[PDB]
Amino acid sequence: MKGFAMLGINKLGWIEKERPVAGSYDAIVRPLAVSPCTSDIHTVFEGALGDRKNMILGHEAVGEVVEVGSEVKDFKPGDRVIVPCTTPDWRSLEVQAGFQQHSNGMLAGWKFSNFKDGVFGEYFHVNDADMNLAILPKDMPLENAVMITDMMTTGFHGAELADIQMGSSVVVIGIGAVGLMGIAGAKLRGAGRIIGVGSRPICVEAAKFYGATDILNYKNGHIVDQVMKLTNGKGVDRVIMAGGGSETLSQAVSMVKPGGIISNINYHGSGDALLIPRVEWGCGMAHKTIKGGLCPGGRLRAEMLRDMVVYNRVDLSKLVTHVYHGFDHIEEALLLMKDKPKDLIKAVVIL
């Protein structure tokens, strides 16, 4: 079958890969709409996963079940489904410990464009269909549905890990797609003041739309000083790290109140060392908790998020700035993701 893959480091191209076969509990899905991700860029142009040879890219997609294994009972061919980027192996000790995203290994829940071929192919494999798929509502716009697969689940996970309280002040560093969802999630957790950090005009408007009460731009001051000024030297209760370099951790620690929580959902892949400012971290006694983790996946997660969209708890349309029709547009969309033009948040390719 045809599939857009990473030929080699810094080399992209369409290839003729084999068609995946479904195991007894698996499903073969044909993509209806997909979306390129920053991670795809990191994998190819930054060798985040080493020299992957001819591995199909993509992990964000909604599609149609084409084939189903003999044991799949809840999903059958023809079923339109939302595919969470994280598809864990539900039968593992990690799952029993309550950490699905790490079933059988650290970050093992993330299989697409890692352990196996991604969604940028005529067909892709989904392990344990009954446990990793969710039905796509008949009237849900494809572009929006694709946003659930990673953007929504990740951003919301940032807000969840942040353990936000009713009225908590929150700072979201990085207002890209994930950051915007972090803002949306923060608001949906009862956050009061939400300060989004970014400069891209399109992202700024989206940030405000999702709940940002204040917008800070690096271009006019050290972010911590700006936050401090806005909070009258008090600082903020929570900080969600969604974008930026490793230095953001230091900034997060510096702007969060002692006893606050810093939630990281930014997949760092460049500087090999995130640093905690000793003095600002109260020498490790300021009670400034630091959390960070891969977005939850699986059927339940997808269904719960889906239901939130169905009940209009969040409008994912604002994340989609570019929509292409026709499989061939994947390359252009991915390159767009690499070049990062000023008016881009997310791009969806509807087949």
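Residues carry their position along the shown sequence, with the first being 1.
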May I ask you to compare 299-307 and 284-292 by their mean CA B factor in the entry and name the higher one? 284-292
Mean C-alpha temperature factor, higher of 217-225 and 257-265: 217-225
Candidate set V44, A61, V320, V29 [ranked by C-alpha B-factor, highest]: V44
Maximum C-alpha temperature factor, selected from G105, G192, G158, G176: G105
In terms of its chain's C-alpha B-factors, the third that includes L274 is the highest
Report the third (lowest, middle or highest) to which the CA temperature factor of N114 belongs, ranking only the modelled residues of the same chain. highest
Looking at the temperature factor on the CA atom of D139, which third of the chain's modelled residues does it land in? highest
Splitting the chain's C-alpha B-factors into thirds, which one does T154 fall into? lowest
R238's Cα B-factor: lowest, middle or highest third of the chain? lowest
